[PDB]
Structure formats: C-alpha cells, structure tokens
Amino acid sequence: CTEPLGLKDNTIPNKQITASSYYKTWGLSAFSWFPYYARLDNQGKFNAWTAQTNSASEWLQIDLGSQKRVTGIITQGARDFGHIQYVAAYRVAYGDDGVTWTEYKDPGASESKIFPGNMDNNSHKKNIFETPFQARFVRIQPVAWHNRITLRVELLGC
C-alpha cells in the first residue's frame, strides 16, 4: 500500500488539484504556476505550483477522487529564473467532504506533526505516515520555505 495515487501520471485530473492561491509572474496569465502543475517530476518552465504569497496560510489541496488509504507523500521544489524554490517543512490535513479537515497528529499528540520537506529544487523527499489515514481529500500546509512556496507532489497509498 505504497503505490502512487495518481498525481505524477495525470490520472488525477487538473480540476481536482486546487490551492489557496497560485502565482503569476507580474500578473501575466502566461506566467501562471497553476496548482495542478504540482505533480512529481513535472518538466518544463512552469512545472510546479507556487503560492501567490509567502505565507503559512497557503495550502495545496488534492482531491484523490475517492477514498484512499494514504501512507506517504513525496515532494520536490522547482526553479524559476535561476532561483531555487521549495517547501522546507509542512503539515498535512485530510477529509472526505472537501470542507472539514483533520490535521495529521501522532496518536495522543496535541500538536499537528510538521514534516521535513525539501532542501533543493529537484531531489525527491519522501515521508511515510507512521499512522496512515483514510481520506478522499488531502491538503499540504507549508510551514517553512526557501525563496518561494513551490511544490511538485505525489501521494502514496492504495
């Protein structure tokens, strides 16, 4: 139960990947870093999701399309005009209706777990949830970043 859930191979459609906001270089639609570009190993100039602002109130939401057992996550950052960008730490939340959420916590913990993220633009960083959760929706909540909040993702499970 550690299989890719569909982000990298486009099985999860673009409309199912949303975010608090997305970046547009100098407001040009042509320079959009759409939420649905946040797919592992996405190639090209605009190959990742980048939040409009660098705030801990930003989030990337993935609708798996159906309930799945989520056991892990893999992330990458990206590069924009020679500048390395990536999320260095993040929390995870999940749910089934897309409007109510549960922040991931170790059993008995009062604080949501903060997962160690990337440290560069292309290396894959995998985290395994010691306590898998069942859910249709998953959101990644950046807590720390380098230059910009930028992500490419893949969720693992079955």
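Sequential numbering from 1, following the sequence displayed.
- prompt: Between 54-62 and 113-121, which has the higher average C-alpha B-factor in the PDB entry?
  reply: Higher mean C-alpha B-factor: 54-62.
Residue range whose averaged C-alpha B-factor is higher in the record, 92-100 or 25-33 = Looking at the recorded C-alpha B-factors, 25-33 comes out higher on average.
* To do: Please pick out which of 39, 126, 69, 45 has the largest Cα B-factor as recorded in the entry.
  => Comparing C-alpha B-factors across 39, 126, 69, 45, the maximum falls on 45.
* Sort the modelled residues of this chain by their C-alpha B factor and say whether residue 134 lands in the lowest, middle or highest third. => Tercile = lowest for this residue's CA B-factor.
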